[PDB]
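K.L.:
No sequence on hand, only this structure:
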Ligand SMILES: [Mg+2]
Ligand SMILES: [Mg+2]
Ligand SMILES: [Zn+2]
């Protein structure tokens, strides 16, 4: 039974799980886009979002600095978190990362995902785009919308 | 032959419109049943 | 516990060729509009994703040359500028990674 | 490797049987195969049938026009008259006419109540390609037939068969030939039903006209028996009554089918082709 | 060993007559000595039977089994060979007429067990055979309907004779 | 066994014997070695027996072919197209006569299981039985427990 | 396979050359007609002499009739795949070009009529003792009506028509081995003029694939 | 005049005759070079047969995906039916329902659905009553329903179709879809078209207008099964493209004094863009309202 168990069992135990996730998060902050098994990226995505919130507290917040010191194994990245990543999302309250499934890994056919911090300088991923508003179905609905708005104003 | 779902082919503009449209009809349908005794009830 | 009798090919065919054991047909394969190669509806196109990765790798090698060592991450934002382009007003104060090629069409300047 | 030769030879024979079975060879004329003497085969043909054929006429009966035209084409191709071979066209016409008139006489005497349309259909069935070719093939007519194409076309085989009847007519006369037609063509009606040979449509319509000719009231259809009316396997017996007297009764899976079958039963009784009618008399004429 | 499958692309038929129907092109291709199990390969060969060349290629491109890549490789070179050497007009107008795997020449190796005991391990190889026929894929058989059963049942009732008598 | 072999119904060739009897044996082909010992009985059959057998059966064309052979054979062909090859290897002249006479009397149909020891196209003269054959009819054909004129 | 074993006394005995000694370029508009002239003729006369040297009883006038016979019989071997007889009528340079592409195809070719008599346009000889062998090539011009219908492996009409004859103007080159005591005259190759009209179209439609570009690469017109 | 069944046999014979004539003009098998100018498969050249090979044949050279997704062809920048033979060396592009701007594809599907309505309406009424096909008005897709103007018999001047009758028309349209009939096209001169549609006055007037617009006075003819009609532009390849198809309402146009023109209306979605049951019902409601072409 595992009702309401929100965390996955990975690595060699609870500690190794954190270390596994910490290495993925450290790589993400440096490179701003990484690929890894889908489940591991999905688990780490929660930490990657909260790290920005700690970065927004500022480098003068001792609690935020201790959190960043633990989760960033490369100390040159701690200035980046507080002075590059956190200011970039100053005007957002969430959704700092985007996660997309990519083709299965060649060797072991593992389900794979790419995760990146939005607003990076890297070439954009081929994001999935919705059908154009000019398609047959969307034009039929646009007419239905126009009609309803006209009937309400009357 | 490929499976489809309701908002598969809907564009960014039509997804909010459809959600609002169907939601309002549900609310209107439920509110219309609040007077059972005034709508030809069966013998009590 | 060992097998008491040999299992016949008739029995084995019923087990091996059962519909559960067969490979299921996939109905979520579609053509990629950008490149024309096949893709799954919920997965990124392999051909397009590889193209993006190749350019991402080239830019990352350039970033390495500018950093010139470990533990040298910048404290300012970065902008990739291709041949024939100069920094914009919004690109001031950002590390400029110069790429010796023409800007890819799919890569839009911002 | 084992010593010996017999086992290998025996296996070679079987390997040739399997090779042949996998790839059956195209059929060829019996004349092209070994052990064939046309003159001897022609003589045995008549003796089997207990008929004193004229070897001159019998040989001509087998010669067809297609074989003559092709034989000449081969002569021209080889740059080689001596091919003044008479075809069986004349003999075929004589035999065909005699057979039709002879069969019409046999059938009219046996079943005096069958109209001309019925008797014509029976004669057309007995002289048809299917019936005639079946009889001809089982009498070695195809083996002795000289044709351009093998297997012999059905129309060519039918023509050759009637040529043999013509040859018998000139050789032995009509009485001897009448027995031949009785023994090999009339016999083909042994177990076959009237309407299996005479294909008709709308039997009820034909019955109504016949009863009018006989000055009998129109037949009234009535349900004599019934079972499983509401099921997927009904049984209906529909009886036709003329002046409230049963003339025929027929079963069927539906009332319409049973009614139509009853009309056929009424027609069979009217014409004398009942299943239990007197069998044909094949005894030697007195 | 036998190599009859490669000799079937060398059969020259005689010129067709003016009134005969156009004969579909048939292309036989195979790959020999694949380091993969024939039992596992059978499932992939079973998948694409009767499929169009394009549908089979799509199914194999998104399969996780190792045999899928090999079969896709064989199908592509067979498709190219059909148009290049067998006078097939449209490369897409092809369907899988036959696809099956065969046993290859295998090697034996020792597998070690405890207590000084051993087993004999087989390094398995397999063949893959494919036949491509020109034309659209044949339609699947419609499920036997209730009308067909009822017609068949009544047919068996009607062929029923009185047994062991005249 | 019956289940492992084919079968047929008793039948004739072109209703043989109905109007007239026609011998079905149509051709006989012998192959007798001049010097082979196995063909000794076949040579003795060709010297005194084959000529008298042909006189009695003028409808059968017999082909005697003398050629080197280790196994002498006789091939019988019938009007219906059946071909039968029978060995006469090392058989006596009396044994060969019996075999040849047996071939002369056969119809050429397959010597396989015959389902019934009799055949007829008119099994019934009074009407084949059906469930209503011996059932009495009822006034107005009323069914059991059926109310009339309601 | 390019060279046999090294330091071997035995060598490969070639019976033909791989190309034409001096390619004869036909005058433009020769199909329409259907100082330098002497210089070319003198070169032909010189070469003809060395041809009559090894074979005294040689006549240039008789060759165009013989050339047509070799040409017709060589093409007739393609109809029945009589390769054994073909090697005697064609050289080892011509044999691959004639038969390689029709190995699994049915060729129905026929000769109808000869519009214009054959004319020996050029006669030339090889450099003396290339490897102890001397060759003589006689270019001939043929204007004849031919019928060709090629079928594919499955007996389906692939090219041409089986009953419509069309005009063919082609300059067939022959070659003989003079030194060989058993050498003969054999079809060697064909000259295709640049101005020659394009061949009749094929029956089936064709697609020419564009560049297969890897992800990093981009399509440039 | 000719009976309805004989009228189709005459029109089909004339249509077939003109088709055979245009095919004979082709000298043997002339070859054209068609360059692919699409974003995918760039640079592909097709060496096709003039006046025989259609855009569909070019898609067949590429893959089955092109054949299934291509609804319309863009030949030298002009919309081109998938089954219309190519006449010259040109550039070709393939259009789908899901393109960034599928305006042209929408019109083709939108025109084809109207033509399928005309087919069922002509063959739905009893032989007693006369059905006179008028035209297929060009109404924008955003209007919510495609319309087809028809003139019915004087006897049916007070008759309005019932809901079961509207459902009867829909079942006939779906039968046309199940048959999977191709849209055969023919570009003929006004004279040929006028002969085919001589018995119908409205078509003659309509045919004359289209011929006048073009200097060469060639009119575009289309046929599905045994139904021939005149069109405004290129159509879709086959009727099997339609998945959801229903005729919604029949309106009586005004003024009714000269003649009572009845506007039959419907709405449909292809297989590629099929809508959900709930969403489809909302579209049927708007389709039942009268549309006024502008
Ligand atoms: Mg684990
Ligand atoms: Mg040990
Ligand atoms: Zn892509």
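P.N.:
Nice, I can see it. Numbering: from 1, shown residues only, chains lettered A, B, ... in the order given. Ligands and ions are numbered 1, 2, ... in the order given.
K.L.:
just checking, what packs against whatever helix or strand residue H:284 lives in?
P.N.:
Residue H:284 is part of helix H:277-287, with elements assigned from DSSP states H and E. Packing contacts for helix H:277-287, counted by 3 or more C-beta pairs under 8 Å, 6 or more residues apart in numbering or on different chains; DSSP states H and E, involve helix A:136-153, helix B:14-31, strand H:242-252, strand H:261-270. All C-beta spots, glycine's among them, are computed from the backbone N, C-alpha and C.
K.L.:
Output the contacting helices and strands for the last one.
P.N.:
Packed against strand H:261-270 by the contact rule (3+ C-beta pairs under 8 Å, 6+ apart) you find helix A:136-153, helix H:103-122, strand H:146-151, strand H:242-252, helix H:277-287.
K.L.:
For chain H, which segments count as strands?
P.N.:
Assigned by DSSP state E, the strands in chain H fall at H:31-36, H:45-49, H:72-75, H:78-80, H:90-95, H:132-135, H:146-151, H:184-189, H:218-224, H:227-230, H:242-252, H:261-270.
K.L.:
do the same with chain D
P.N.:
D:220-227, D:235-241, D:246-252.
K.L.:
what about residue E:165, distance to chain G?
P.N.:
57 Å (C-beta to the nearest C-beta, to the nearest Å).
K.L.:
Burial check on that residue, number of neighbours?
P.N.:
7 (other C-beta atoms under 10 Å in any protein chain shown).
K.L.:
Is it in a helix, a strand, or coil?
P.N.:
Following DSSP: H, G, I helix; E, B strand; the rest coil, we place residue E:165 in the coil state.
K.L.:
For chain F, see how far away it is.
P.N.:
For residue E:165 relative to chain F (C-beta to the nearest C-beta), the value is 8 Å.
K.L.:
again, but for residue G:17
P.N.:
From residue G:17 to chain F the distance is 59 Å (C-beta to the nearest C-beta).
K.L.:
so which helix or strand takes in that residue?
P.N.:
Short version, using DSSP H and E: residue G:17 is in no helix or strand.
K.L.:
Could you pull up the residues touching it?
P.N.:
G:93, G:126, G:135, G:175 (C-beta atoms under 8 Å, 6 or more residues apart in numbering or on different chains).
K.L.:
hmm, 7 Å instead?
P.N.:
Residue G:17 sits next to G:126, G:135, G:175 when contact means C-beta atoms under 7 Å, 6 or more residues apart in numbering or on different chains.
K.L.:
between those residues, which is nearest chain C?
P.N.:
For the contacts of residue G:17, the closest approach to chain C (C-beta to the nearest C-beta) belongs to residue G:175, at 52.5 Å.
K.L.:
I'd like to know how many residues surround that closest one.
P.N.:
Number of residues near residue G:175 (other C-beta under 10 Å) recorded here: 24.
K.L.:
Pick the one among the contacts of residue G:17 closest to residue F:142.
P.N.:
residue G:175 (109.5 Å; C-beta to C-beta).
K.L.:
buried sites along the helix or strand containing the closest one?
P.N.:
Here residue G:175, judged by DSSP H and E, is contained in strand G:166-177. For strand G:166-177, the neighbour count (16 or more other C-beta atoms under 10 Å in any protein chain shown) marks G:169, G:170, G:171, G:172, G:173, G:174, G:175, G:176, G:177 as buried.
K.L.:
now do stretch F:30-39
P.N.:
F:30, F:31, F:32, F:33, F:36, F:38, F:39.
K.L.:
do it and chain D meet at all?
P.N.:
No - judged by C-beta under 7 Å from any C-beta of the partner chain, stretch F:30-39 makes no contact with chain D; its nearest approach is 9.5 Å.
K.L.:
Reformat the helices and strands packed on strand H:261-270 as TSV; add distance to residue E:94.
P.N.:
Putting these into TSV (distance: least, C-beta to C-beta, whole Å) gives the following:
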stretch	distance to residue E:94
helix A:136-153	32
helix H:103-122	28
strand H:146-151	38
strand H:242-252	28
helix H:277-287	37
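K.L.:
can you redo those as JSON lines with distance to ligand 3 and mean neighbour count?
P.N.:
Output for the helices and strands packed on strand H:261-270, formatted as JSON lines (distance: least, C-beta to the ion, whole Å; neighbours: other C-beta atoms under 10 Å in any protein chain shown):
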{"stretch": "helix A:136-153", "distance to ligand 3": "23", "mean neighbour count": "17"}
{"stretch": "helix H:103-122", "distance to ligand 3": "21", "mean neighbour count": "22"}
{"stretch": "strand H:146-151", "distance to ligand 3": "35", "mean neighbour count": "23"}
{"stretch": "strand H:242-252", "distance to ligand 3": "27", "mean neighbour count": "19"}
{"stretch": "helix H:277-287", "distance to ligand 3": "29", "mean neighbour count": "16"}
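K.L.:
Over to residue G:110: give its phi and psi.
P.N.:
When read as degrees, to the nearest 10, the backbone of residue G:110 gives phi -150, psi 150.
K.L.:
Please determine how far it is located from chain A.
P.N.:
Separation of residue G:110 from chain A (C-beta to the nearest C-beta): 59 Å.
K.L.:
which parts of the longest helix seen in chain A are buried?
P.N.:
Counting by DSSP state H, the longest helix found in chain A is helix A:38-57. Across helix A:38-57, burial judged by 16+ other C-beta under 10 Å covers A:38, A:40-45, A:48, A:51-52, A:54-57.
K.L.:
residue contacts, residue G:183?
P.N.:
G:176, G:177.
K.L.:
Look up which residues are beta-bridged to the nearest residue in space to residue A:41 that is not next to it in sequence.
P.N.:
The shortest distance from residue A:41 to any residue other than its chain neighbours is 4.2 Å, reached at residue A:113 (C-beta to C-beta, 6 or more residues apart in numbering or on different chains). Beta-bridge partners recorded for residue A:113 (DSSP bridges): residue A:36, residue A:101.
K.L.:
Count residues in the vicinity of residue A:113, would you?
P.N.:
Residue A:113 has 20 nearby residues by other C-beta under 10 Å.
K.L.:
hang on, it packs against residue A:100?
P.N.:
Yes - judged on C-beta atoms under 7 Å, residue A:113 makes contact with residue A:100 at a distance of 6.5 Å.
K.L.:
just so I know, which of the helices and strands packed on helix H:277-287 lies nearest residue G:89?
P.N.:
Across the helices and strands packed on helix H:277-287, closest to residue G:89 is strand H:261-270 (C-beta to C-beta), at 63.7 Å.
K.L.:
What pairs with that closest one, parallel or antiparallel?
P.N.:
strand H:146-151 (antiparallel), strand H:242-252 (antiparallel).
K.L.:
Can you tell me which residues in chain A are near chain C?
P.N.:
Contact residues, chain A versus chain C (C-beta under 7 Å from any C-beta): A:30, A:74, A:76-77, A:79-80, A:83-84, A:100-103, A:121-126.
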